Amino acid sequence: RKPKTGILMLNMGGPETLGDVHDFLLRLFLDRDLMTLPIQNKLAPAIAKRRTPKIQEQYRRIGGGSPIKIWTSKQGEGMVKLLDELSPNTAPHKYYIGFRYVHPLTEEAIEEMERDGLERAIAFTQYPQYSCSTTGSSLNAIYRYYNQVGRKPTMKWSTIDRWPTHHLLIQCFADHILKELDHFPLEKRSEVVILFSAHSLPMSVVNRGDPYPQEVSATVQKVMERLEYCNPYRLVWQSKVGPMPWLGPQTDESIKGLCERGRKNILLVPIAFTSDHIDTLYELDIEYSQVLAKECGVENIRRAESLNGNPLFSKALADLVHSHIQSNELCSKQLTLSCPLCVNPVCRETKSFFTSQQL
């Protein structure tokens, strides 16, 4: 029985195998909507060469690749099963994975979608919190795909472009936190501080007007109310590649900060991502939770399990898609505004792609 509604799940991606690291690093240092224009164009190729081996060693220490595709397919199969029951009018649903820097690419997903002859396609970013660097880049890749091929879509397009507060996402984060709190010694629980950590962004992207840190802040507050403020917390930010100023505090200087201050029981929370990856399994778990925490004299540092297979997350995906269908919306009202200081002619075109189709 033929598919009617296709759900395009977007995330930058990750190299599934060690061999993949190279073009992942290349497609990414090429992506204009993510980063700065330093005669790049063909400067990325050099960088991909140098860094591949180093990054590769990083992926080596976590089973040799990212688990994103595994997780994404799991989440999507669950979502599809719920939606075939909850929304029979749109009854045959299909998901499609669309990665921005690894296979199956955004570009390869849309081509399989057009081939399937859908009545409907939805661009469902898997980033709950919006950045022009993240959701922006994936949505641009859709407009451009149809620019490149030179023909309007053969199906109605819409996007669920953000969801920083969906209540089930919030239930999921709060459940995973209670159950980790449960492993701290009963006498170390109440002093546990909850450190919410998200991927940072260059201050140049922040000062542009980028909506991401306001939205991430919205997720955090919403999880803390649901936790009834049981523990103190702080939102801090992980990564900061480069020379450039990024928004802080950094997650790393915060852990070392807390320790040097008699705060030694810390619960790390990956709050901007929906599954495991190099940021969580390498950067946070190995590296900050093992190497740095040892040097600091941490008594206990735990990491809230990522959502990954939590069935309640599938229920969250389905509920987003269904509410999105019933509301007949084209995109959030936030997508209709660009950053006050946007210097990107494509943003306004992606937006027009969703607001002004024909269906």
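All residue numbers refer to positions in the sequence shown, first residue = 1.
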property	result
Stretch exceeding the other in mean C-alpha B-factor - 154-162, 111-119	111-119
Higher-B stretch (mean Cα B-factor, as the entry records it), 347-355 or 10-18	347-355
Highest recorded Cα temperature factor - choice among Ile68, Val321, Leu312, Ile62	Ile62
Options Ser190, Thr72, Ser197, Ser204 - largest CA temperature factor per the record	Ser190
Third of the chain, ranked by Cα B-factor, where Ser289 sits	highest
Relative C-alpha B-factor of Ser239, binned into the chain's lowest, middle or highest third	highest
Assigned third (lowest, middle, highest) for the C-alpha B factor of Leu317	lowest
Third of the chain's Cα B-factor distribution that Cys331 belongs to, per the entry	lowest
Record-listed C-alpha B factor of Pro185: chain third	highest
